[PDB]
């Protein structure tokens, strides 16, 4: 799987929906083929790898124990209730897998709000005791760079990896361990509807003429004022983002957003 040359990435899937992996497939300039053939060596990834079963497990072992070192990218929260049994791969708990692998990585990136902060399965009443990577593994000294969102902008993953490869260090991180170069501004301070907010020009309903005219979505629940992300600037898929589609921000790059930002249609 890897030896010298391209840096090795081990990508792990815990309690996740695979939306974060799908977001990486949307990479643009560079595209995912460039990333996997030229930039990096993707040495374990359950969604796309050829090997299955015992051969997949052997691929993982080969990558993790390589003398060349690896970077870990982690998708999903870690279920910790009941000694980890709510999530297993190859009959090992996700908790055990990550506890064994992540301390061996040269660097760890927690990709998506589930891996960063616990995410959707950690919302009340959290039946599986899901935790974000740094919370679950604090005791082992794991300090993953957190790239939040549900899913994040893949621009933010690639940018973080490129930085790390060039500088051999993490970029500047905020108090939630997120890179300031992507997460330094609120969604709201970047939003094209900000002049309507300032004027108290709010859409009262989605069917309203005010909504049709593009008035501010705050009365309809927009969490842009309390959410750190680069959505209005970079957009998604090179073309759109929630408020430009007429829908409030739901706060998806913030910790505990499922409980903190709900009801989604109120402020």
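Residue numbers count along the first chain shown, from 1.
The mean C-alpha temperature factor is higher for 2 to 10 when 257 to 265 and 2 to 10 are set side by side. The mean Cα B-factor in the deposited entry runs higher for 134 to 142 than for the other of 134 to 142 and 188 to 196. Within the group 45, 235, 223, 68, the record's highest C-alpha temperature factor is found at 68.
Out of 100, 124, 178, 88, the entry records its largest CA B-factor for 100. In this PDB entry, the Cα temperature factor of residue 167 sits in the top third of its chain's modelled residues, the highest group.
When the modelled residues of the chain are ordered by their C-alpha B factor, residue 229 lands in the lowest third. Annotation for residue 84: C-alpha temperature factor in the highest third relative to the rest of the modelled chain, per the entry.
Looking at the C-alpha B-factors along this chain, the one for residue 161 belongs to the highest third. In the PDB entry, a CA B factor belonging to the middle third of its chain's modelled residues is recorded for residue 205.
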